[PDB]
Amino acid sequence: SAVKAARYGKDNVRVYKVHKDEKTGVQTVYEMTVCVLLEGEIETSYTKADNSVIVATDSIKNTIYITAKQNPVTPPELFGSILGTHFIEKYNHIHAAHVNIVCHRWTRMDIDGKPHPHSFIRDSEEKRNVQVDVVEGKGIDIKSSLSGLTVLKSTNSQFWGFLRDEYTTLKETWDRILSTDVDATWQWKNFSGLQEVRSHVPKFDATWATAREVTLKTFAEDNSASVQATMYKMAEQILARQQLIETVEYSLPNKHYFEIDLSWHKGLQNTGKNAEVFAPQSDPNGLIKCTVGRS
């Protein structure tokens, strides 16, 4: 037998950082969960019990805190690139670092119509994530994403003209509820190293904001022919607005809301144009994916 692939590290490292502006008194907080996995010339720890090649996962944890102390943690694309680069430069035998960061929302509170200097609220479990792969001699690959963005529209979604055969019971519809949890990922062109990532720093937050805006606007405004057609429109627009993105991937559950026929009870009308009360279905759900790239 032989080791074909190996990676190891620390997962679920929770980190909070505060920035205090001495002049204004304003404080800003950041909270993330970080995973770092390393690869390199480490096969002997598996095959020969040679621990001499292991950077202890506890040390990886220490390194995350130290790096957060000495560097900005925002945008997460930059922080992940700094953290990943550290490992491949510090350790001769480590040749790749894989860094995943989940950013948790802490939104500044408005009290009496003014922004509070040091109080925050978690408005939704929506996350902003990055995956950064730093590979020695191959640069830095960054995938940025938003996830956990849950939306619903109560009309202006249709689904008709699909294949019908002996397995089909679904009725065509010209008016249905559409609800989904959005997972959208944009993959950046490969960067040659940290200097190049630093040069593009302003694009990271701007592209995240654009991806979010395009997602919400397209969802709200499209008279949707299917989840497929609407998601493609979203991806198309993101690619048009940021030339440094190579691909956009969406993964969307179709969370069903079923009509409830109540006509058995005193002829009560609750279907089609009369539908007011629906039963949300926890499972099963549709799952629709697509990756859109350039011509």
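Throughout, we count residues from 1 along the sequence that is shown.
A.B. asks: Higher mean Cα B-factor in the deposited model: 236-244 or 52-60?
C.D. replies: In the deposited entry, the stretch with the higher C-alpha B-factor mean is 236-244.
A.B. asks: Tell me which stretch, 164-172 or 142-150, has the higher mean Cα B-factor listed in the entry.
C.D. replies: If you average the C-alpha B-factors of 142-150 and of 164-172, the larger mean comes out for 164-172.
A.B. asks: Which one of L252, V26, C35, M32 shows the top CA temperature factor in the record?
C.D. replies: Of the candidates given, the C-alpha B-factor peaks at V26.
A.B. asks: Looking at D181, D133, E196, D112, which has the biggest Cα B factor in the entry?
C.D. replies: Comparing C-alpha B-factors across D181, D133, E196, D112, the maximum falls on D112.
A.B. asks: Taking the chain's C-alpha temperature factors as the reference, tell me which third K266 falls into: lowest, middle or highest.
C.D. replies: It falls in the top third of the chain.
A.B. asks: Once the chain's modelled residues are ordered by C-alpha B factor and cut into thirds, is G80 in the lowest, middle or highest one?
C.D. replies: Within its chain, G80 is a lowest-third residue by C-alpha B-factor, going by the deposited values.
A.B. asks: Could you look up the Cα B-factor of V99 in the entry and say which third of the chain it sits in: lowest, middle or highest?
C.D. replies: Its C-alpha B-factor belongs to the lowest third of this chain's values.
A.B. asks: Consider only the C-alpha atoms of the modelled residues in this chain, order them by B-factor as the entry records it, and name the third containing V3: lowest, middle or highest.
C.D. replies: Answer is highest: the recorded C-alpha B-factor places it there.
A.B. asks: Using the B-factors in the PDB entry, rank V15's C-alpha atom against the chain and give the third, lowest, middle or highest.
C.D. replies: CA B-factor rank for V15: lowest third.
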